[PDB]
Amino acid sequence: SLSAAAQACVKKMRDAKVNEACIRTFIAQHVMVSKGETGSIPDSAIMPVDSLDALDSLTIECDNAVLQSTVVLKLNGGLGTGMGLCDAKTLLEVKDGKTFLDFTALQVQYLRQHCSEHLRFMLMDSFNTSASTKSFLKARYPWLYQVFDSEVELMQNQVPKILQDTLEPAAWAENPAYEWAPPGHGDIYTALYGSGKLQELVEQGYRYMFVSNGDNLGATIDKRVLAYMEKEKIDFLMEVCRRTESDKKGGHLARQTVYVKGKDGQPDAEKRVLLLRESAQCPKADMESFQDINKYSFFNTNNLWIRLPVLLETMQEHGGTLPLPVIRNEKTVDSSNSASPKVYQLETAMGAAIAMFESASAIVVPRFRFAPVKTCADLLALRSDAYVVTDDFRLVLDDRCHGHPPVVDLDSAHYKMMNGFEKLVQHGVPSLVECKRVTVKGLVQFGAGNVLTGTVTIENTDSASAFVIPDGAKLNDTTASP
Ligand SMILES: O=c1ccn([C@@H]2O[C@H](COP(=O)(O)OP(=O)(O)O[C@H]3O[C@H](CO)[C@@H](O)[C@H](O)[C@H]3O)[C@@H](O)[C@H]2O)c(=O)[nH]1
């Protein structure tokens, strides 16, 4: 039986007609929090992962049946606040005239032409992103618009922000919509389960789901991973990348060792169990451990494969929920207004489901399956010539890079927001394919047709006037200044 605060959350969520699967999932988290769970995972509690299988080693492709039983879902529900976005990130342009959505739709169109005619495609939208996404598709891809509401969109849940003082639901008279937030992308499982969509998918014969970040345009179906999951009877698979210097916003793989004591004269066998640690779960006093890319060198791509019938079985057998570890995220009710009440927002990360299945694994993938965009520094690298468009409409790092993205460092005073970054490339995106690292300090504007090679720094000490670069400039292993 629940605390008074937890009952106040149930009542609020029921009055608003929140899905019961979501209420159950949230309340189980609310119980954890009220007992002192923060989501924190300290370094002393985990150990690094030393060896995994690699996609580059695999060669066998899955038969057509398996391919036909796969569904593709793109996450599209978050708000990239750090980039100063008030709408769906996937609408920003990534190449001249084309948005993340554009390439996403082109990926689906191509796959339907060349691999599986009846590929099921889904987008997980939220309150904050559904509107703009649907009208975009209405204009450019009517074949998706026709079945948007019918089979494309999965709407994610909203859960109450809770006051830190009491764990009660927050009230915000000035704008009650701010009392609610989407509960991270680990909600995909809840939303699929609670809407009946997961059982429908299983009923129609689908067996696998391939999920990836909306911002990652290298993530598509690779039939060798499906063959691999079939052979090895794997129910959940996380693709990880060898971590680079640019991999600082996200989570890394880790392991624990659980001892299953062996019966009948067979000794207790240590058995590895895998887990995800998001940056938000690192005790912030230990961030340097989280950020040491040698210690934890397997970075989650969020390219995730789920065996749908087993996910469904597992959630049925855990009270109609998937008990992902809660992440207790701290904010104010109006995140803009730091005079507003402090709240917790309970969230989960979908890659945390690796701890949920007995035969969950991770596989190392090459960097051409991971081109993330968390910051405008990423968007600069993606927009430039360091990233190329494949025939099947993935963006991938050019071969010259040897799987190392150009290390982009933009002054956060000027380029952290989208409006500032937009002026930086006002007159052109620099050629970056040959740039191992570009650092921009102070207010600066690229010219047209700039070529950067080696380690280039552009610096303006003056901090008043823009340092503008002349068309044609080619900076090589240098620091450029007014
Ligand atoms: O409630 C939410 C929150 C996010 N998203 C979407 O989910 C994707 C991921 O969000 P993002 O904030 O971009 O990334 P992070 O959550 O920080 O990190 C994810 O992606 C990283 C790699 O890029 C992995 O390392 C992390 O483990 C994984 O959690 C994006 O498409 C968001 O729009 C939602 O749909 N709903």
# chains A, B, ... in the order shown; residues from 1 in each chain; ligands from 1
>>> select_by_dssp(residues="region 306-401 of chain A", states="helix (DSSP H, G or I)", output="short mmCIF file (atom, residue, chain, number, x, y, z; two decimals) with N, CA, C and O atoms, in the first residue's frame")
data_model
loop_
_atom_site.label_atom_id
_atom_site.label_comp_id
_atom_site.auth_asym_id
_atom_site.auth_seq_id
_atom_site.Cartn_x
_atom_site.Cartn_y
_atom_site.Cartn_z
N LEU A 308 10.39 -9.17 -29.99
CA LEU A 308 9.11 -8.66 -29.47
C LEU A 308 8.32 -9.67 -28.61
O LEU A 308 7.81 -9.27 -27.54
N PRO A 309 8.13 -10.92 -29.01
CA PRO A 309 7.42 -11.85 -28.13
C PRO A 309 8.03 -11.99 -26.74
O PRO A 309 7.28 -12.10 -25.76
N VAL A 310 9.36 -11.95 -26.62
CA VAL A 310 9.99 -12.11 -25.31
C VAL A 310 9.85 -10.83 -24.48
O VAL A 310 9.70 -10.88 -23.26
N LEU A 311 9.93 -9.67 -25.11
CA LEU A 311 9.66 -8.44 -24.40
C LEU A 311 8.25 -8.48 -23.85
O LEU A 311 8.01 -8.16 -22.68
N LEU A 312 7.31 -8.90 -24.68
CA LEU A 312 5.91 -9.00 -24.27
C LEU A 312 5.74 -9.97 -23.11
O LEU A 312 5.11 -9.64 -22.09
N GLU A 313 6.33 -11.17 -23.23
CA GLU A 313 6.26 -12.17 -22.15
C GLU A 313 6.78 -11.58 -20.86
O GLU A 313 6.19 -11.74 -19.79
N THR A 314 7.93 -10.91 -20.96
CA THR A 314 8.62 -10.43 -19.77
C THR A 314 7.80 -9.37 -19.06
O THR A 314 7.70 -9.37 -17.83
N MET A 315 7.22 -8.45 -19.84
CA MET A 315 6.40 -7.42 -19.22
C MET A 315 5.12 -7.99 -18.62
O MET A 315 4.70 -7.54 -17.54
N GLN A 316 4.48 -8.96 -19.30
CA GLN A 316 3.33 -9.62 -18.67
C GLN A 316 3.72 -10.23 -17.33
O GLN A 316 2.97 -10.13 -16.36
N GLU A 317 4.89 -10.86 -17.27
CA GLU A 317 5.26 -11.58 -16.06
C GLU A 317 5.84 -10.67 -14.99
O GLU A 317 6.03 -11.13 -13.86
N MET A 350 16.09 3.52 -22.74
CA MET A 350 15.72 2.23 -23.33
C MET A 350 16.89 1.25 -23.39
O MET A 350 16.67 0.03 -23.44
N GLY A 351 18.13 1.72 -23.41
CA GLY A 351 19.22 0.78 -23.41
C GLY A 351 19.40 0.09 -22.09
O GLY A 351 20.15 -0.90 -22.01
N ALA A 352 18.74 0.60 -21.05
CA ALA A 352 18.83 -0.08 -19.77
C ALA A 352 18.15 -1.43 -19.81
O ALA A 352 18.40 -2.23 -18.91
N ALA A 353 17.38 -1.73 -20.85
CA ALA A 353 16.73 -3.04 -20.90
C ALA A 353 17.70 -4.17 -21.09
O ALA A 353 17.30 -5.33 -20.93
N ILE A 354 18.99 -3.88 -21.34
CA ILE A 354 19.99 -4.94 -21.44
C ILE A 354 20.13 -5.71 -20.15
O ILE A 354 20.59 -6.85 -20.16
N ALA A 355 19.73 -5.16 -19.05
CA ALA A 355 19.80 -5.87 -17.84
C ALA A 355 18.55 -6.68 -17.59
O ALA A 355 18.44 -7.34 -16.63
N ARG A 367 32.07 2.53 -36.60
CA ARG A 367 31.54 3.87 -36.40
C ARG A 367 30.59 4.29 -37.51
O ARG A 367 29.84 5.24 -37.31
N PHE A 368 30.53 3.61 -38.65
CA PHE A 368 29.57 4.01 -39.67
C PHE A 368 28.12 3.66 -39.33
O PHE A 368 27.25 3.96 -40.15
N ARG A 369 27.84 3.07 -38.15
CA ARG A 369 26.46 2.88 -37.70
C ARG A 369 26.06 3.88 -36.64
O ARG A 369 24.95 3.78 -36.11
N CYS A 376 25.58 21.37 -31.19
CA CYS A 376 25.83 21.98 -32.50
C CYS A 376 27.23 21.65 -33.01
O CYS A 376 27.45 21.60 -34.23
N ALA A 377 28.17 21.37 -32.12
CA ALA A 377 29.47 20.85 -32.55
C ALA A 377 29.32 19.57 -33.36
O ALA A 377 29.99 19.40 -34.39
N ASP A 378 28.44 18.63 -32.91
CA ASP A 378 28.14 17.45 -33.72
C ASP A 378 27.49 17.85 -35.04
O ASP A 378 27.82 17.30 -36.10
N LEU A 379 26.54 18.79 -35.00
CA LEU A 379 25.83 19.16 -36.21
C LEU A 379 26.79 19.79 -37.21
O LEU A 379 26.60 19.63 -38.43
N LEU A 380 27.82 20.48 -36.74
CA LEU A 380 28.81 21.03 -37.67
C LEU A 380 29.53 19.89 -38.38
O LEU A 380 29.57 19.84 -39.61
N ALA A 381 30.04 18.93 -37.61
CA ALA A 381 30.72 17.79 -38.20
C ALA A 381 29.80 17.07 -39.19
O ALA A 381 30.20 16.81 -40.33
N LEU A 382 28.54 16.79 -38.79
CA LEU A 382 27.61 16.10 -39.68
C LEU A 382 27.36 16.88 -40.96
O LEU A 382 27.29 16.30 -42.05
N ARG A 383 27.21 18.19 -40.87
CA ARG A 383 26.85 18.95 -42.07
C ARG A 383 28.01 19.04 -43.06
O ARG A 383 27.81 19.21 -44.26
N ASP A 399 35.73 7.46 -45.40
CA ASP A 399 36.76 6.47 -45.12
C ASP A 399 38.11 7.03 -44.68
O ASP A 399 38.77 6.42 -43.90
N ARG A 400 38.46 8.21 -45.10
CA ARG A 400 39.67 8.84 -44.72
C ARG A 400 39.83 8.96 -43.22
O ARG A 400 40.93 8.88 -42.74
N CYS A 401 38.74 9.18 -42.51
CA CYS A 401 38.77 9.39 -41.11
C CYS A 401 39.19 8.22 -40.31
O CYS A 401 39.48 8.36 -39.16
#
>>> residues_near_ligand(ligand="ligand 1", cutoff="8 Å", atoms="only C-alpha atoms and all ligand atoms", output="PyMOL selection string")
chain A and resi 74-80+88-90+124-126+156+182-188+212-216+247+249-252+276-279+299-302+347+349-351+370+372-374
>>> residues_around(residues="residue 227 (chain A)", least_positions_apart="6", cutoff="12 Å", atoms="only C-alpha atoms", output="list in words")
residues 55, 58, 59, 60, 61, 62, 63, 64, 65, 66, 67, 70, 208, 221, 233, 234 and 305 of chain A
>>> residues_around(residues="residue 39 (chain A)", least_positions_apart="3", cutoff="6 Å", atoms="only C-alpha atoms", output="list in words")
residues 281, 326, 327 and 328 of chain A
>>> atom_distance(atom1="CA of residue 452 (chain A)", atom2="CA of residue 435 (chain A)")
5.5 Å
>>> closest_residue(among="A:418, A:413, A:304, A:346", to="residue 38 (chain A)", atoms="only C-alpha atoms")
A:346
>>> select_by_dssp(residues="region 271-383 of chain A", states="strand (DSSP E or B)", output="ChimeraX atom specification")
/A:271-278,298-307,327-332,342-347,360-364
>>> residues_around(residues="residue 241 (chain A)", least_positions_apart="5", cutoff="6 Å", atoms="only C-alpha atoms", output="PDB file with N, CA and C atoms, in the first residue's frame")
ATOM      1  N   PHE A 298      33.290   1.070 -24.240  1.00  0.00           N
ATOM      2  CA  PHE A 298      32.185   0.691 -25.108  1.00  0.00           C
ATOM      3  C   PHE A 298      31.021   1.653 -24.891  1.00  0.00           C
ATOM      4  N   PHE A 299      30.798   2.515 -25.878  1.00  0.00           N
ATOM      5  CA  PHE A 299      29.772   3.540 -25.813  1.00  0.00           C
ATOM      6  C   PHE A 299      28.491   2.996 -26.442  1.00  0.00           C
ATOM      7  N   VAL A 364      30.017  -5.077 -30.683  1.00  0.00           N
ATOM      8  CA  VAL A 364      30.770  -3.901 -31.124  1.00  0.00           C
ATOM      9  C   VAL A 364      30.487  -3.687 -32.600  1.00  0.00           C
ATOM     10  N   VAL A 365      30.183  -2.448 -32.959  1.00  0.00           N
ATOM     11  CA  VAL A 365      29.903  -2.094 -34.343  1.00  0.00           C
ATOM     12  C   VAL A 365      30.895  -1.023 -34.775  1.00  0.00           C
TER      13      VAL A 365
END
>>> residues_around(residues="residue 439 (chain A)", least_positions_apart="6", cutoff="8 Å", atoms="only C-alpha atoms", output="ChimeraX atom specification")
/A:408-411,456-458
>>> residues_around(residues="region 467-475 of chain A", least_positions_apart="4", cutoff="9 Å", atoms="only C-alpha atoms", output="ChimeraX atom specification")
/A:427,442-460,462,479-482
